[PDB]
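Structure data follow from target-v5.txt (compact mmCIF, C-alpha atoms and all ligand atoms):
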```txt
# COMPACT_ATOMS: atom_id res chain seq x y z
CA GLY A 1 87.83 115.47 85.44
CA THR A 2 86.23 112.04 85.11
CA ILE A 3 82.92 111.32 83.38
CA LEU A 4 81.16 107.96 83.70
CA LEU A 5 79.15 106.68 80.74
CA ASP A 6 76.48 104.08 81.53
CA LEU A 7 76.43 101.42 78.81
CA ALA A 8 72.96 100.20 77.82
CA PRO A 9 72.32 96.50 78.62
CA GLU A 10 71.32 95.95 74.98
CA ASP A 11 74.68 97.16 73.65
CA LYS A 12 77.34 94.73 72.41
CA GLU A 13 80.08 96.09 74.67
CA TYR A 14 77.97 95.63 77.82
CA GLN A 15 77.22 91.97 77.13
CA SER A 16 80.80 91.40 75.96
CA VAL A 17 82.20 92.66 79.26
CA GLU A 18 79.55 90.78 81.24
CA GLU A 19 80.31 87.56 79.35
CA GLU A 20 84.00 88.20 79.98
CA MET A 21 83.20 88.53 83.68
CA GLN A 22 80.82 85.65 84.42
CA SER A 23 82.77 83.14 82.32
CA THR A 24 86.06 83.67 84.15
CA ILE A 25 84.58 82.64 87.50
CA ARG A 26 86.55 79.84 89.15
CA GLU A 27 86.52 78.01 92.48
CA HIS A 28 89.39 79.10 94.72
CA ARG A 29 91.33 76.96 97.21
CA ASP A 30 90.18 79.16 100.10
CA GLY A 31 86.67 77.75 99.75
CA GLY A 32 85.25 81.18 98.99
CA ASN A 33 86.33 82.76 102.27
CA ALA A 34 87.56 86.13 101.02
CA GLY A 35 85.46 86.69 97.90
CA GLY A 36 82.47 84.78 99.23
CA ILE A 37 80.47 81.89 97.79
CA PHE A 38 79.02 82.43 94.31
CA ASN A 39 78.76 80.92 90.83
CA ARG A 40 77.52 83.91 88.82
CA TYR A 41 77.35 87.67 89.39
CA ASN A 42 74.37 90.01 89.30
CA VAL A 43 75.52 92.86 87.08
CA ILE A 44 73.83 96.15 87.98
CA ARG A 45 75.63 98.53 85.63
CA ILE A 46 78.70 98.81 83.40
CA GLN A 47 80.06 102.35 83.00
CA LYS A 48 82.93 103.52 80.80
CA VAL A 49 85.44 105.78 82.55
CA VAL A 50 86.29 108.87 80.49
CA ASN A 51 89.33 111.02 81.25
CA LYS A 52 91.48 112.42 78.43
CA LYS A 53 94.55 113.04 80.60
CA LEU A 54 94.85 109.49 81.92
CA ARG A 55 94.32 108.24 78.37
CA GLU A 56 97.10 110.58 77.22
CA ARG A 57 99.52 109.16 79.79
CA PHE A 58 98.41 105.61 79.01
CA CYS A 59 98.85 106.04 75.25
CA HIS A 60 102.20 107.79 75.72
CA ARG A 61 103.59 104.97 77.86
CA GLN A 62 101.99 102.51 75.44
CA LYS A 63 103.94 104.18 72.64
CA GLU A 64 107.14 103.94 74.68
CA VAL A 65 106.61 100.24 75.39
CA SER A 66 105.68 99.60 71.76
CA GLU A 67 108.88 101.36 70.67
CA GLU A 68 110.79 99.12 73.08
CA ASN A 69 109.02 95.86 72.20
CA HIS A 70 109.03 95.02 68.48
CA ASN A 71 106.37 97.66 67.72
CA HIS A 72 103.83 95.40 69.42
CA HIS A 73 102.24 96.66 72.63
CA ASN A 74 100.63 93.68 74.35
CA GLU A 75 97.33 95.22 75.45
CA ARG A 76 95.16 92.83 77.46
CA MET A 77 91.79 93.36 79.13
CA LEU A 78 92.22 92.25 82.74
CA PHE A 79 90.21 92.49 85.97
CA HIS A 80 91.12 94.39 89.14
CA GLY A 81 89.41 94.58 92.52
CA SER A 82 90.32 97.20 95.11
CA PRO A 83 88.74 99.12 98.02
CA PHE A 84 90.01 102.31 96.35
CA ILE A 85 88.22 102.10 92.99
CA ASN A 86 86.95 105.69 92.94
CA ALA A 87 90.49 106.96 93.55
CA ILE A 88 91.60 104.91 90.55
CA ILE A 89 88.85 106.10 88.21
CA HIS A 90 89.52 109.68 89.31
CA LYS A 91 93.32 109.83 89.58
CA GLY A 92 94.42 106.79 87.57
CA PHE A 93 96.56 103.79 88.47
CA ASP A 94 99.48 104.53 90.79
CA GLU A 95 102.44 102.27 91.55
CA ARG A 96 103.01 104.29 94.72
CA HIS A 97 100.00 102.45 96.13
CA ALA A 98 101.18 99.06 94.87
CA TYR A 99 100.63 95.69 96.53
CA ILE A 100 103.77 95.41 98.67
CA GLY A 101 102.44 92.13 100.07
CA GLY A 102 102.25 90.78 96.54
CA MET A 103 104.09 87.66 95.44
CA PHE A 104 106.06 89.41 92.69
CA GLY A 105 106.99 92.50 94.70
CA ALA A 106 105.42 95.91 95.26
CA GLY A 107 103.60 96.21 91.94
CA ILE A 108 100.10 96.61 90.54
CA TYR A 109 98.33 93.28 90.09
CA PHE A 110 95.64 92.09 87.68
CA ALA A 111 93.75 88.79 87.46
CA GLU A 112 92.42 87.06 84.36
CA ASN A 113 89.68 85.60 86.54
CA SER A 114 86.95 87.90 87.85
CA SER A 115 86.56 86.04 91.15
CA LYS A 116 90.27 86.37 91.93
CA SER A 117 89.87 90.13 91.60
CA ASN A 118 86.69 89.91 93.67
CA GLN A 119 88.91 88.52 96.43
CA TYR A 120 90.41 92.00 96.76
CA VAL A 121 87.34 94.22 96.39
CA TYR A 122 86.85 94.61 100.15
CA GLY A 123 90.60 94.67 100.75
CA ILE A 124 93.57 92.33 101.06
CA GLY A 125 92.42 88.74 101.59
CA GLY A 126 88.80 89.86 101.54
CA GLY A 127 89.47 92.43 104.25
CA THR A 128 86.66 92.79 106.77
CA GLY A 129 83.85 92.67 104.22
CA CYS A 130 80.99 95.02 103.37
CA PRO A 131 80.80 98.34 105.28
CA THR A 132 77.14 97.70 106.17
CA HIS A 133 76.64 94.08 107.24
CA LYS A 134 80.33 93.34 107.92
CA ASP A 135 80.18 90.29 105.67
CA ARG A 136 82.62 89.56 102.84
CA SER A 137 80.13 87.09 101.39
CA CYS A 138 77.28 89.61 101.35
CA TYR A 139 74.77 89.07 98.55
CA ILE A 140 72.98 92.34 99.32
CA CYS A 141 75.56 95.13 99.08
CA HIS A 142 76.54 96.42 95.64
CA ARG A 143 80.16 95.53 94.91
CA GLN A 144 82.38 97.06 92.24
CA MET A 145 85.41 96.02 90.20
CA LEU A 146 87.45 97.26 87.25
CA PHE A 147 87.76 95.80 83.76
CA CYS A 148 90.96 97.58 82.72
CA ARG A 149 93.27 97.66 79.71
CA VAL A 150 96.79 96.62 80.71
CA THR A 151 99.93 97.12 78.63
CA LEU A 152 102.21 94.14 79.26
CA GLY A 153 104.77 94.47 76.47
CA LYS A 154 107.76 92.18 76.91
CA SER A 155 106.46 90.00 79.74
CA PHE A 156 108.60 88.06 82.22
CA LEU A 157 107.25 84.64 83.18
CA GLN A 158 108.21 83.88 86.78
CA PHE A 159 106.45 80.97 88.49
CA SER A 160 108.05 81.03 91.94
CA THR A 161 108.02 83.78 94.57
CA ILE A 162 110.41 86.44 93.28
CA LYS A 163 110.02 89.88 94.87
CA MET A 164 111.14 92.96 92.94
CA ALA A 165 110.67 96.74 92.91
CA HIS A 166 110.48 97.09 89.13
CA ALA A 167 110.21 95.11 85.91
CA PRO A 168 113.19 92.96 84.81
CA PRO A 169 115.73 94.51 82.38
CA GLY A 170 114.30 94.71 78.87
CA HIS A 171 110.83 93.87 80.18
CA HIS A 172 107.70 95.80 81.15
CA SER A 173 105.61 93.30 83.12
CA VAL A 174 105.81 90.14 85.24
CA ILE A 175 103.40 87.29 84.50
CA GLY A 176 102.93 84.46 86.98
CA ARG A 177 101.46 81.41 85.26
CA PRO A 178 99.68 78.67 87.30
CA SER A 179 101.84 75.94 88.83
CA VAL A 180 101.08 72.70 90.67
CA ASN A 181 101.48 73.23 94.43
CA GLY A 182 102.11 76.88 93.63
CA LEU A 183 99.67 79.47 92.29
CA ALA A 184 96.28 78.32 91.00
CA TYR A 185 95.47 81.09 88.52
CA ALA A 186 97.60 83.42 86.41
CA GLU A 187 98.60 86.86 87.69
CA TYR A 188 99.73 89.96 85.79
CA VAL A 189 102.06 92.51 87.38
CA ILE A 190 102.96 95.99 86.16
CA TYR A 191 105.15 98.44 88.07
CA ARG A 192 103.93 101.56 86.27
CA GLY A 193 100.47 103.08 86.64
CA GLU A 194 100.77 104.39 83.09
CA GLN A 195 100.44 100.85 81.73
CA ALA A 196 96.84 100.45 82.88
CA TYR A 197 93.59 102.30 82.22
CA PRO A 198 90.28 101.58 84.02
CA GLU A 199 88.23 101.25 80.84
CA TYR A 200 85.21 99.65 82.49
CA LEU A 201 83.67 100.22 85.92
CA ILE A 202 81.51 97.24 86.86
CA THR A 203 78.82 97.51 89.53
CA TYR A 204 77.59 94.03 90.40
CA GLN A 205 76.54 91.59 93.12
CA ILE A 206 77.05 87.93 94.03
CA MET A 207 74.28 85.33 93.87
CA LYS A 208 73.52 82.71 96.53
CA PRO A 209 73.28 79.09 95.29
ZN ZN B 1 76.45 93.72 103.23
```
Please, can you express the file's structure as structure tokens?
Ligand SMILES: [Zn+2]
Amino acid sequence: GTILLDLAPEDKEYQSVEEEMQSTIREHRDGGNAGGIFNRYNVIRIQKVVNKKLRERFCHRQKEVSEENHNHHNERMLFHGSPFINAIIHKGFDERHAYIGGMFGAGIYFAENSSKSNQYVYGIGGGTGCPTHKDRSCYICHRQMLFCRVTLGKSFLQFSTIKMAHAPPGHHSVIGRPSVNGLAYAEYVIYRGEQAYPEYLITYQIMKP
């Protein structure tokens, strides 16, 4: 029920996504332990995920949020790395498989920075790395991540560690903005899988300095 459409490297969308990916690369305080050491990706292919049902759910929920947020659905293109990408592009986002170990409670997380999402491609905290060379800084294996469209709506800006099962009353998402001696980069949390849609599937690599 899911068809993948390879975008040509000469198309505007391809280079737009790529530019949105390689420009949001930042140095993390872990010294590149989980995501590995890199400064720019090696994009193999960018494929659009097509599934009318998931889009129907997404647009329905988007309409609900819009109706409950000043007729203005805050759609934002955000990154997402997970060891279960295929399950996402086939079945859609699911809050039943949310990040319980997250800082803002068992919800679905999204990073504005591509590297931060790369930190979760091979699992939580980098996991155990690639399935071939057992290295989470492997420059050989083809990694993947998701450039998704997330519906935030009325966002709730919490900076400290506040766990929760759902979004605050009158809200739809929880945004954690960077704080000194706190979190380094912004995080975006949604507690409904209907508020995200894996628009772009990015197959890439990391480059050794
Ligand atoms: Zn490898």
Shell of 6 Å around residue 149 in chain A, all atoms listed in the file, local chain residues under 4 positions omitted, as a count of residues only: 4
Residues of chain A at most 7 Å from ligand ZN 1 (chain B): nearest atom pair and distance in Å, only C-alpha atoms and all ligand atoms, as a tab-separated table:
```
residue	atom	partner	partner_atom	distance
A:130	CA	B:ZN1	ZN	4.7
A:131	CA	B:ZN1	ZN	6.7
A:132	CA	B:ZN1	ZN	5.0
A:133	CA	B:ZN1	ZN	4.0
A:134	CA	B:ZN1	ZN	6.1
A:135	CA	B:ZN1	ZN	5.6
A:138	CA	B:ZN1	ZN	4.6
A:139	CA	B:ZN1	ZN	6.8
A:140	CA	B:ZN1	ZN	5.4
A:141	CA	B:ZN1	ZN	4.5
```
CA of residue 148 in chain A to CA of residue 8 in chain A, straight-line distance in Å: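 One can read the CA of residue 8 in chain A to CA of residue 148 in chain A distance as 18.8 Å.
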Within 10 Å of residue 51 in chain A using only C-alpha atoms, minus same-chain residues under 6 positions, as JSON, numbers by chain: {"A": [1, 2, 3, 4, 89, 90, 91, 92, 197, 198, 199]}
Among listed residues A:185, A:204, A:93, A:191, nearest residue 29 in chain A (using all atoms listed in the file): A:185
Nearby residues (only C-alpha atoms) at most 10 Å from residue 160 in chain A, same-chain spacing under 3 positions excluded, as a ChimeraX atom specification: /A:103-104,157,163,176-179,182-183
Minimum-distance residue to residue 128 in chain A, chosen among A:180, A:34, A:207, A:25 (using all atoms listed in the file):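 Of A:180, A:34, A:207, A:25, the one nearest residue 128 in chain A is A:34, counting all atoms listed in the file.
Between residue 7 in chain A and the residues A:187, A:201, A:119, A:65, the shortest atom-to-atom distance, using all atoms listed in the file, involves A:201.
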